[PDB]
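As stored in model-v9.cif (mmCIF, C-alpha atoms):
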data_model
#
loop_
_atom_site.group_PDB
_atom_site.id
_atom_site.type_symbol
_atom_site.label_atom_id
_atom_site.label_comp_id
_atom_site.auth_asym_id
_atom_site.auth_seq_id
_atom_site.Cartn_x
_atom_site.Cartn_y
_atom_site.Cartn_z
ATOM 1 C CA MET C 1 5.959 18.851 -3.657
ATOM 2 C CA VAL C 2 8.879 16.416 -3.014
ATOM 3 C CA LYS C 3 11.785 15.917 -5.506
ATOM 4 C CA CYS C 4 11.156 12.283 -6.303
ATOM 5 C CA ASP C 5 9.702 10.656 -9.484
ATOM 6 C CA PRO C 6 6.496 8.725 -8.589
ATOM 7 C CA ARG C 7 6.763 6.642 -11.814
ATOM 8 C CA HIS C 8 10.047 5.314 -10.440
ATOM 9 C CA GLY C 9 8.423 4.558 -7.066
ATOM 10 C CA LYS C 10 5.220 2.607 -6.492
ATOM 11 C CA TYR C 11 2.025 4.065 -4.990
ATOM 12 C CA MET C 12 1.059 2.583 -1.563
ATOM 13 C CA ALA C 13 -1.774 4.705 -0.086
ATOM 14 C CA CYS C 14 -3.608 7.967 -1.003
ATOM 15 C CA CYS C 15 -5.928 10.303 0.933
ATOM 16 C CA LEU C 16 -7.715 12.858 -1.328
ATOM 17 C CA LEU C 17 -9.387 15.900 0.283
ATOM 18 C CA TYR C 18 -11.855 17.945 -1.809
ATOM 19 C CA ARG C 19 -13.008 21.567 -1.186
ATOM 20 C CA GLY C 20 -15.772 23.830 -2.551
ATOM 21 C CA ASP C 21 -18.224 23.142 -5.434
ATOM 22 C CA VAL C 22 -17.668 19.329 -5.558
ATOM 23 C CA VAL C 23 -19.906 16.399 -6.658
ATOM 24 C CA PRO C 24 -19.408 12.905 -5.002
ATOM 25 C CA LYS C 25 -20.140 11.115 -8.363
ATOM 26 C CA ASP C 26 -17.457 13.272 -10.078
ATOM 27 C CA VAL C 27 -14.935 12.489 -7.247
ATOM 28 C CA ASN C 28 -15.832 8.787 -7.726
ATOM 29 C CA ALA C 29 -15.362 9.142 -11.538
ATOM 30 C CA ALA C 30 -12.013 10.992 -11.092
ATOM 31 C CA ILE C 31 -10.615 8.261 -8.737
ATOM 32 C CA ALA C 32 -12.038 5.469 -10.989
ATOM 33 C CA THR C 33 -10.174 7.140 -13.870
ATOM 34 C CA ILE C 34 -6.844 6.934 -11.964
ATOM 35 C CA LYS C 35 -7.479 3.243 -11.043
ATOM 36 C CA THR C 36 -8.132 2.387 -14.715
ATOM 37 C CA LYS C 37 -4.924 4.221 -15.681
ATOM 38 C CA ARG C 38 -3.027 1.426 -13.950
ATOM 39 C CA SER C 39 0.320 2.727 -15.204
ATOM 40 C CA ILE C 40 -0.093 4.651 -11.908
ATOM 41 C CA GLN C 41 0.772 1.390 -10.236
ATOM 42 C CA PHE C 42 -0.397 0.944 -6.681
ATOM 43 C CA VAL C 43 0.773 -2.079 -4.610
ATOM 44 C CA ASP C 44 -1.023 -5.256 -5.390
ATOM 45 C CA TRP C 45 -1.280 -6.043 -1.622
ATOM 46 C CA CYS C 46 -3.766 -3.139 -1.202
ATOM 47 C CA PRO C 47 -6.320 -2.742 -4.025
ATOM 48 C CA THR C 48 -8.620 -0.551 -1.898
ATOM 49 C CA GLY C 49 -5.864 2.143 -2.104
ATOM 50 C CA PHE C 50 -7.897 5.397 -1.654
ATOM 51 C CA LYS C 51 -9.406 7.408 1.214
ATOM 52 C CA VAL C 52 -11.683 10.386 0.355
ATOM 53 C CA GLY C 53 -12.901 13.531 2.195
ATOM 54 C CA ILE C 54 -15.249 16.322 0.892
ATOM 55 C CA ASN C 55 -15.857 19.798 2.467
ATOM 56 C CA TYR C 56 -18.164 22.643 1.268
ATOM 57 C CA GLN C 57 -15.801 25.626 1.974
ATOM 58 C CA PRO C 58 -13.568 26.613 -1.064
ATOM 59 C CA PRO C 59 -9.941 27.811 -0.457
ATOM 60 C CA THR C 60 -9.265 31.523 0.291
ATOM 61 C CA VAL C 61 -6.004 33.134 -0.937
ATOM 62 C CA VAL C 62 -4.430 35.645 1.427
ATOM 63 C CA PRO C 63 -4.165 39.060 -0.204
ATOM 64 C CA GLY C 64 -0.804 39.870 -1.775
ATOM 65 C CA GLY C 65 -0.732 36.218 -3.152
ATOM 66 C CA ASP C 66 -0.199 34.627 -6.558
ATOM 67 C CA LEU C 67 -2.388 31.468 -6.427
ATOM 68 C CA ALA C 68 -5.465 31.737 -8.712
ATOM 69 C CA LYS C 69 -8.877 31.620 -7.063
ATOM 70 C CA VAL C 70 -11.105 28.604 -7.746
ATOM 71 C CA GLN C 71 -14.664 27.421 -6.993
ATOM 72 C CA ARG C 72 -13.221 23.938 -6.072
ATOM 73 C CA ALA C 73 -9.808 22.414 -5.121
ATOM 74 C CA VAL C 74 -7.959 19.152 -4.202
ATOM 75 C CA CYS C 75 -5.305 18.265 -1.571
ATOM 76 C CA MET C 76 -3.489 14.891 -1.344
ATOM 77 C CA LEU C 77 -1.270 12.918 1.039
ATOM 78 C CA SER C 78 0.465 9.958 -0.717
ATOM 79 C CA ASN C 79 2.578 7.050 0.586
ATOM 80 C CA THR C 80 4.896 5.592 -2.125
ATOM 81 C CA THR C 81 8.351 3.890 -2.275
ATOM 82 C CA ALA C 82 9.711 6.964 -4.118
ATOM 83 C CA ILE C 83 10.067 9.116 -0.963
ATOM 84 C CA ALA C 84 11.898 6.207 0.814
ATOM 85 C CA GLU C 85 14.190 6.259 -2.205
ATOM 86 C CA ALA C 86 14.723 9.984 -1.440
ATOM 87 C CA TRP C 87 15.591 9.023 2.134
ATOM 88 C CA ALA C 88 18.089 6.474 0.783
ATOM 89 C CA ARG C 89 19.951 9.495 -0.639
ATOM 90 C CA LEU C 90 19.944 11.576 2.527
ATOM 91 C CA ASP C 91 21.383 8.450 4.251
ATOM 92 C CA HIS C 92 24.204 8.135 1.672
ATOM 93 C CA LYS C 93 25.138 11.837 2.341
ATOM 94 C CA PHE C 94 25.163 11.097 6.117
ATOM 95 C CA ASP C 95 27.338 8.063 5.299
ATOM 96 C CA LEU C 96 29.888 10.223 3.372
ATOM 97 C CA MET C 97 30.385 12.780 6.224
ATOM 98 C CA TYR C 98 30.540 9.878 8.754
ATOM 99 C CA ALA C 99 33.015 7.872 6.497
ATOM 100 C CA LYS C 100 35.484 10.745 7.194
ATOM 101 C CA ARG C 101 33.949 11.482 10.696
ATOM 102 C CA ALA C 102 33.423 15.153 9.627
ATOM 103 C CA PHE C 103 31.723 17.516 12.153
ATOM 104 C CA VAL C 104 31.149 14.794 14.786
ATOM 105 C CA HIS C 105 32.950 16.831 17.508
ATOM 106 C CA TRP C 106 30.224 19.564 17.391
ATOM 107 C CA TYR C 107 27.853 16.759 18.616
ATOM 108 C CA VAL C 108 30.173 14.645 20.775
ATOM 109 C CA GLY C 109 30.962 18.000 22.396
ATOM 110 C CA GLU C 110 27.387 18.123 23.801
ATOM 111 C CA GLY C 111 27.773 14.748 25.503
ATOM 112 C CA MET C 112 26.481 12.461 22.787
ATOM 113 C CA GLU C 113 28.261 9.240 21.752
ATOM 114 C CA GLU C 114 29.810 8.651 18.298
ATOM 115 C CA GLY C 115 28.051 5.234 18.757
ATOM 116 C CA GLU C 116 24.790 7.121 18.187
ATOM 117 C CA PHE C 117 25.639 7.878 14.579
ATOM 118 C CA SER C 118 26.485 4.229 13.867
ATOM 119 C CA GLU C 119 23.187 3.130 15.535
ATOM 120 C CA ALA C 120 21.266 5.689 13.457
ATOM 121 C CA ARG C 121 22.897 4.679 10.132
ATOM 122 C CA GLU C 122 22.031 1.026 10.765
ATOM 123 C CA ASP C 123 18.412 1.847 11.812
ATOM 124 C CA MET C 124 18.012 3.823 8.548
ATOM 125 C CA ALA C 125 19.564 1.024 6.424
ATOM 126 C CA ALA C 126 17.082 -1.388 8.086
ATOM 127 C CA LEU C 127 14.236 1.044 7.065
ATOM 128 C CA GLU C 128 15.348 1.147 3.402
ATOM 129 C CA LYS C 129 15.177 -2.657 3.270
ATOM 130 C CA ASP C 130 11.790 -2.548 5.119
ATOM 131 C CA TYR C 131 10.507 -0.425 2.203
ATOM 132 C CA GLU C 132 12.304 -2.801 -0.282
ATOM 133 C CA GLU C 133 10.237 -5.743 1.120
ATOM 134 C CA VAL C 134 6.943 -3.852 0.399
ATOM 135 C CA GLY C 135 8.184 -2.520 -2.961
ATOM 136 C CA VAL C 136 8.343 -6.346 -3.610
ATOM 137 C CA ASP C 137 4.518 -6.679 -3.790
ATOM 138 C CA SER C 138 4.651 -10.101 -5.538
ATOM 139 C CA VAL C 139 2.330 -8.808 -8.240
ATOM 140 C CA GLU C 140 1.573 -11.158 -11.160
ATOM 141 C CA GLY C 141 2.757 -10.525 -14.779
ATOM 142 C CA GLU C 142 1.094 -9.876 -18.145
ATOM 143 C CA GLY C 143 2.762 -11.541 -21.134
ATOM 144 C CA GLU C 144 6.088 -12.240 -22.998
ATOM 145 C CA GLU C 145 7.569 -9.958 -25.679
ATOM 146 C CA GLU C 146 7.987 -12.862 -28.180
ATOM 147 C CA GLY C 147 5.999 -15.824 -29.519
ATOM 148 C CA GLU C 148 6.848 -19.502 -30.055
ATOM 149 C CA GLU C 149 7.516 -22.292 -32.739
ATOM 150 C CA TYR C 150 5.877 -25.731 -33.355
ATOM 151 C CA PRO Z 1 32.474 2.389 5.217
ATOM 152 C CA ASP Z 2 31.266 -1.225 4.494
ATOM 153 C CA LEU Z 3 27.908 -1.534 6.376
ATOM 154 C CA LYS Z 4 27.944 -5.432 6.311
ATOM 155 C CA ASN Z 5 24.771 -5.775 4.151
ATOM 156 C CA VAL Z 6 22.240 -4.693 6.886
ATOM 157 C CA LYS Z 7 18.864 -6.565 6.984
ATOM 158 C CA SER Z 8 15.302 -5.071 7.029
ATOM 159 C CA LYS Z 9 13.133 -4.486 10.124
ATOM 160 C CA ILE Z 10 10.315 -5.663 10.560
ATOM 161 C CA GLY Z 11 8.333 -7.409 7.821
ATOM 162 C CA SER Z 12 5.450 -9.753 6.812
ATOM 163 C CA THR Z 13 7.524 -12.683 8.282
ATOM 164 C CA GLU Z 14 4.438 -14.215 9.981
ATOM 165 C CA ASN Z 15 2.690 -14.562 6.542
ATOM 166 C CA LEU Z 16 5.421 -16.667 4.762
ATOM 167 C CA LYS Z 17 3.378 -19.989 4.963
ATOM 168 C CA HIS Z 18 -0.034 -18.260 4.615
ATOM 169 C CA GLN Z 19 -2.525 -18.530 1.686
ATOM 170 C CA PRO Z 20 -5.017 -19.236 3.397
ATOM 171 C CA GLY Z 21 -7.051 -22.332 2.319
ATOM 172 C CA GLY Z 22 -10.881 -22.758 2.386
ATOM 173 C CA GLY Z 23 -13.179 -25.017 4.457
ATOM 174 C CA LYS Z 24 -16.037 -27.177 3.013
ATOM 175 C CA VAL Z 25 -19.885 -27.361 3.050
ATOM 176 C CA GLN Z 26 -22.207 -30.167 1.817
ATOM 177 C CA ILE Z 27 -26.033 -29.726 2.281
ATOM 178 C CA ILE Z 28 -27.590 -32.321 1.194
ATOM 179 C CA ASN Z 29 -30.505 -33.541 3.348
ATOM 180 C CA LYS Z 30 -32.333 -36.781 4.444
ATOM 181 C CA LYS Z 31 -35.681 -38.039 3.016
ATOM 182 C CA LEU Z 32 -38.690 -38.056 5.368
ATOM 183 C CA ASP Z 33 -40.659 -41.352 5.579
ATOM 184 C CA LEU Z 34 -44.220 -41.360 4.075
ATOM 185 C CA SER Z 35 -44.716 -45.216 4.242
ATOM 186 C CA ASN Z 36 -47.582 -44.980 6.830
ATOM 187 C CA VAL Z 37 -50.341 -44.713 4.154
ATOM 188 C CA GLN Z 38 -53.734 -46.277 3.493
ATOM 189 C CA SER Z 39 -56.913 -44.940 1.800
ATOM 190 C CA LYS Z 40 -60.360 -45.012 3.564
ATOM 191 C CA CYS Z 41 -62.811 -43.771 0.838
ATOM 192 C CA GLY Z 42 -63.851 -47.258 -0.503
ATOM 193 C CA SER Z 43 -64.602 -50.886 0.541
ATOM 194 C CA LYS Z 44 -62.362 -53.875 1.509
ATOM 195 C CA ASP Z 45 -65.007 -56.203 3.084
ATOM 196 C CA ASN Z 46 -68.548 -55.249 1.855
ATOM 197 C CA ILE Z 47 -67.289 -55.638 -1.795
ATOM 198 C CA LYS Z 48 -67.411 -59.465 -1.090
#

Can you turn what I pasted into structure tokens?
Amino acid sequence: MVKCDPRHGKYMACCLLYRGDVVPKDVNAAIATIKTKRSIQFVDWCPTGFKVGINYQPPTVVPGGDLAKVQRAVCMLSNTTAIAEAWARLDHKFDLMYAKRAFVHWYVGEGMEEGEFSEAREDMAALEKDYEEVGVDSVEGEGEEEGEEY
Amino acid sequence: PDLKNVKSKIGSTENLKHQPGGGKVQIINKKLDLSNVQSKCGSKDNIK
């Protein structure tokens, strides 16, 4: 529900919330199945990468809706470098308006500083590099593509 | 528009020397002394 490719990012933390007719062993098996499909790479500095919650009440759809009804359902909150890479875009659209100082008088006109925009850009650029440092998880490798001679 | 290659804030900078290493244990014990021994259930004088 955010326009970023998770396969391009790296997973960092997940909370999974379960509703309705749900079995703890089947939740365990579902999450174990994700951890064995390690192509869904989580950070190597946090192997214990899941939180779980389970509640007995199934979801209700408000009449006039379109969502199918279900005996059980799943909600997730996920932290991943992909959504900071979406922020790195929103910052390079700020940068383009500020590189021509477009619109800044509608905000300096309220008794802000132009100095505030320059502060804000730099704070954001520091955040993108904060996320770059934790994208760099110093995970170990697997193999080479070629063999050797003797 | 050149930002001057802005640096991150604020990272795992306190971990850059960290591993950490392990301590040691060695147990290992001393022998008790059982050298205070003599039997009584025989004869040392009336044998003569």

Checklist entry - If we count only C-alpha atoms, which residues of chain Z reach to within 7 Å of chain C? Please list them as a list in words. => result residues 1, 6, 7, 8, 9, 10 and 11 of chain Z

Using all atoms listed in the file, what does the table of stretch 40-78 of chain C residues within 12 Å of stretch 3-7 of chain C look like, with each row giving the shortest atom pair and its distance in Å to one decimal, sorted by chain and ascending number, as JSON lines?
{"residue": "C:40", "atom": "CA", "partner": "C:7", "partner_atom": "CA", "distance": 7.1}
{"residue": "C:41", "atom": "CA", "partner": "C:7", "partner_atom": "CA", "distance": 8.1}
{"residue": "C:42", "atom": "CA", "partner": "C:7", "partner_atom": "CA", "distance": 10.5}
{"residue": "C:78", "atom": "CA", "partner": "C:6", "partner_atom": "CA", "distance": 10.0}

Next on the checklist: Let me make sure I understand: among C:115, C:64, C:135, C:49, which one has the smallest atom-to-atom distance to residue C:32 if we use all atoms listed in the file?
Outcome noted: C:49

With stretch 19-31 of chain C as the partner and 6 Å as the cut-off, tabulate the residues of stretch 62-135 of chain C that qualify, each row holding the nearest pair of atoms and their distance in Å to one decimal, using only C-alpha atoms, sorted by chain and rising number, as a Markdown table.
| residue | atom | partner | partner_atom | distance |
| --- | --- | --- | --- | --- |
| C:71 | CA | C:21 | CA | 5.8 |
| C:72 | CA | C:20 | CA | 4.3 |
| C:73 | CA | C:19 | CA | 5.1 |

Since we have the selection now, will you write its residues out, keeping C-alpha atoms, as a compact mmCIF listing (two decimals), keeping the file's coordinate frame?
# COMPACT_ATOMS: atom_id res chain seq x y z
CA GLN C 71 -14.66 27.42 -6.99
CA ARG C 72 -13.22 23.94 -6.07
CA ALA C 73 -9.81 22.41 -5.12

Next on the checklist: Taking 6 positions as the minimum chain separation for residues in the same chain, which residues sit within 12 Å of residue C:13 when counting only C-alpha atoms? Answer as a ChimeraX atom specification.
Outcome noted: /C:40-52,76-81

Written selection (C-alpha atoms) as a PDB file, in the coordinates of the input:
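Below is the file that was written, part-v5.pdb:
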ATOM      1  CA  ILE C  40      -0.093   4.651 -11.908  1.00  0.00           C
ATOM      2  CA  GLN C  41       0.772   1.390 -10.236  1.00  0.00           C
ATOM      3  CA  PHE C  42      -0.397   0.944  -6.681  1.00  0.00           C
ATOM      4  CA  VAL C  43       0.773  -2.079  -4.610  1.00  0.00           C
ATOM      5  CA  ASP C  44      -1.023  -5.256  -5.390  1.00  0.00           C
ATOM      6  CA  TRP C  45      -1.280  -6.043  -1.622  1.00  0.00           C
ATOM      7  CA  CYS C  46      -3.766  -3.139  -1.202  1.00  0.00           C
ATOM      8  CA  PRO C  47      -6.320  -2.742  -4.025  1.00  0.00           C
ATOM      9  CA  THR C  48      -8.620  -0.551  -1.898  1.00  0.00           C
ATOM     10  CA  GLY C  49      -5.864   2.143  -2.104  1.00  0.00           C
ATOM     11  CA  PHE C  50      -7.897   5.397  -1.654  1.00  0.00           C
ATOM     12  CA  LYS C  51      -9.406   7.408   1.214  1.00  0.00           C
ATOM     13  CA  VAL C  52     -11.683  10.386   0.355  1.00  0.00           C
ATOM     14  CA  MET C  76      -3.489  14.891  -1.344  1.00  0.00           C
ATOM     15  CA  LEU C  77      -1.270  12.918   1.039  1.00  0.00           C
ATOM     16  CA  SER C  78       0.465   9.958  -0.717  1.00  0.00           C
ATOM     17  CA  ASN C  79       2.578   7.050   0.586  1.00  0.00           C
ATOM     18  CA  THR C  80       4.896   5.592  -2.125  1.00  0.00           C
ATOM     19  CA  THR C  81       8.351   3.890  -2.275  1.00  0.00           C
TER      20      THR C  81
END

How big is the axis-aligned box around the listed atoms of stretch 40-48 of chain Z once 3 Å is added on each side, and where is its centre? Give both in Å to one decimal, as lines of an AutoDock Vina configuration file.
center_x = -64.5
center_y = -51.6
center_z = 0.9
size_x = 14.2
size_y = 21.7
size_z = 11.4

Checklist entry - Interatomic distance between atom CA of residue C:15 and atom CA of residue C:67? => result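 Atom-to-atom, atom CA of residue C:15 and atom CA of residue C:67 are spaced 22.7 Å apart.
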
Item to check | Point-to-point distance in Å for atom CA of residue C:12 and atom CA of residue C:55 | outcome: 24.5 Å

Starting from the incomplete input, reconstruct N, CA and C atoms of stretch 96-114 of chain C and report them as a short mmCIF file (atom, residue, chain, number, x, y, z; two decimals), in the coordinates of the input.
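Output below, filename selection_5.cif:
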data_model
loop_
_atom_site.label_atom_id
_atom_site.label_comp_id
_atom_site.auth_asym_id
_atom_site.auth_seq_id
_atom_site.Cartn_x
_atom_site.Cartn_y
_atom_site.Cartn_z
N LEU C 96 28.68 9.66 3.95
CA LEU C 96 29.89 10.22 3.37
C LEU C 96 30.62 11.15 4.33
N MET C 97 29.92 11.94 5.14
CA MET C 97 30.38 12.78 6.22
C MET C 97 30.88 11.89 7.36
N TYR C 98 30.14 10.83 7.71
CA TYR C 98 30.54 9.88 8.75
C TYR C 98 31.70 8.94 8.33
N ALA C 99 31.86 8.61 7.04
CA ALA C 99 33.02 7.87 6.50
C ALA C 99 34.35 8.61 6.62
N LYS C 100 34.32 9.93 6.83
CA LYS C 100 35.48 10.74 7.19
C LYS C 100 35.34 11.36 8.59
N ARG C 101 34.32 10.94 9.37
CA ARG C 101 33.95 11.48 10.70
C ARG C 101 34.01 13.03 10.74
N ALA C 102 33.50 13.69 9.70
CA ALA C 102 33.42 15.15 9.63
C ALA C 102 32.35 15.70 10.58
N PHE C 103 32.62 16.83 11.25
CA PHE C 103 31.72 17.52 12.15
C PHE C 103 31.37 16.79 13.44
N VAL C 104 31.70 15.51 13.65
CA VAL C 104 31.15 14.79 14.79
C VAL C 104 31.50 15.39 16.14
N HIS C 105 32.64 16.07 16.31
CA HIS C 105 32.95 16.83 17.51
C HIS C 105 31.98 17.94 17.86
N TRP C 106 31.31 18.69 16.98
CA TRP C 106 30.22 19.56 17.39
C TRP C 106 29.05 18.86 18.06
N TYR C 107 28.94 17.53 18.03
CA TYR C 107 27.85 16.76 18.62
C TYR C 107 28.41 15.88 19.73
N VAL C 108 29.61 15.28 19.61
CA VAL C 108 30.17 14.64 20.78
C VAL C 108 30.49 15.59 21.93
N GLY C 109 30.70 16.86 21.55
CA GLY C 109 30.96 18.00 22.40
C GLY C 109 29.83 18.39 23.34
N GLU C 110 28.61 17.92 23.06
CA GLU C 110 27.39 18.12 23.80
C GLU C 110 27.13 16.94 24.73
N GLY C 111 27.91 15.87 24.61
CA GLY C 111 27.77 14.75 25.50
C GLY C 111 26.92 13.64 24.90
N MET C 112 26.87 13.63 23.56
CA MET C 112 26.48 12.46 22.79
C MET C 112 27.64 11.48 22.72
N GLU C 113 27.36 10.27 22.23
CA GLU C 113 28.26 9.24 21.75
C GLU C 113 28.43 9.33 20.24
N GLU C 114 29.59 8.96 19.70
CA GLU C 114 29.81 8.65 18.30
C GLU C 114 29.06 7.38 17.94
#
